[PDB]
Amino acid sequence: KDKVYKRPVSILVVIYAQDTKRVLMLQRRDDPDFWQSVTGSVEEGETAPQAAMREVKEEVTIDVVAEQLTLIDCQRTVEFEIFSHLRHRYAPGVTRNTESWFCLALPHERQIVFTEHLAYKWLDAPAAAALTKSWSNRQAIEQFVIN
């Protein structure tokens, strides 16, 4: 029919490489100035962990299950004003988003087959955190990568 609305309940997955401690920063198609980790709405009839896994498979082609990896519940939920210029993707009146964090450590840096984004960079955590426009994404990387 149309582009049905994004649900204001979403997940964030902080991917980083264990060996280098570099962070995967993907570049958004709708705001090419916005660099971020993996995000996505938590669909109707699935949990946040299942959403995290589903988002990582879609956005960056990595099967957590197939590659036997550990999807850590980073155990933070924050709430923020959605960026003015992206609000339109949400049902009328919706201005705030609820976001739960997950961190995922890959054994090495790799080539990424991104499907929805323009590009990826592997950055050092401080550089990553300064880059993103998302204050939560920024905090997630500070708390759980820079440590």
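Residue numbers run from 1 along the displayed sequence.
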| property | result |
| --- | --- |
| Between 126-134 and 5-13 (mean CA B-factor, as deposited), the higher | 5-13 |
| Segment of higher mean CA temperature factor, 40-48 or 66-74 | 66-74 |
| Modelled-residue ranking by C-alpha temperature factor, third containing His85 | middle |
| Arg96 - Cα temperature factor, lowest/middle/highest third of chain | lowest |
| CA B-factor ranking of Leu26, expressed as a third of its chain | lowest |
